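The form deposited in one PDB entry is given below as one chain in structure tokens.
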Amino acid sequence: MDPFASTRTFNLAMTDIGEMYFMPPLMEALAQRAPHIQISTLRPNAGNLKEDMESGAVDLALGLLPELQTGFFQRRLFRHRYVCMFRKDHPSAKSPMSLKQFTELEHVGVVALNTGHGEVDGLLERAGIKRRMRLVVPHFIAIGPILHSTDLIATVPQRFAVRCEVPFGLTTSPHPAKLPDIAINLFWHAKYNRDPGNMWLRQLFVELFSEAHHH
């Protein structure tokens, strides 16, 4: 069936950041290419996501999702690093920040339970980096106005940080801790590898967001 004929609803898993990044250009393109398709999103749910992708309840997932392993396929959209972010007139924070100073200032922690970002707190702690967690929030999206009004600092994905800098008057430093890359991928389950609708929507994601040729 041609894309214009499709009235299928595709269910897509992604974080708050992912929704702000992926949804505006996707829906813009869908209105031109397949205007009767419906999209619904949901936040990643580590308890349910694999099962939901196996059963076909969730069609695609986008983000840092290291648990989607055997039985899944992935295509790389881009990769980026964690950075330290803080307000631009912070009284003492500097770029490049020292590990000592990272460890002295107070933090907004981000739990990010159902994604690879949930690994950060344990990676720091096992390296023996103790942080004074003044505030802990579950997700990244509200970090910006919090850092603006305080002397707190945060460990944040670089592409999201860059989007926060001007609107909230923040700046960033390369991260002094050794943290892994953030690989942002498009995921699907092997059972839907040759489903024509899933294939078509995957190719659209690649066309709109893949930096394999770009960069």
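Here, rigid core means the biggest group of C-alpha atoms that superpose within 1.5 Å across both forms. Residues carry their position along the shown sequence, with the first being 1.
Missing here is the form deposited in another entry; even so, the following discussion is about that form.
**Student:** With the core superposed, find the residue in 174, 56, 169, 180 that moves its CA 2 Å or more between the shown form and the other one.
**Tutor:** After core superposition, the single residue displaced by 2 Å or more is 56.
**Student:** If we fit on the core, is the Cα of residue 149 displaced 2 Å or more between the shown form and the other one?
**Tutor:** After core superposition, the displacement of the residue 149 C-alpha between the shown form and the other one stays below 2 Å, so no.
**Student:** Taking the rigid core as reference, does residue 138 move its C-alpha 2 Å or further between the shown form and the other one?
**Tutor:** Shift of 2 Å or more: no.
**Student:** Answer yes if the CA of residue 71 moves 2 Å or more between the shown form and the other one after aligning the rigid core, and no otherwise.
**Tutor:** Yes, residue 71 moves 2 Å or more.
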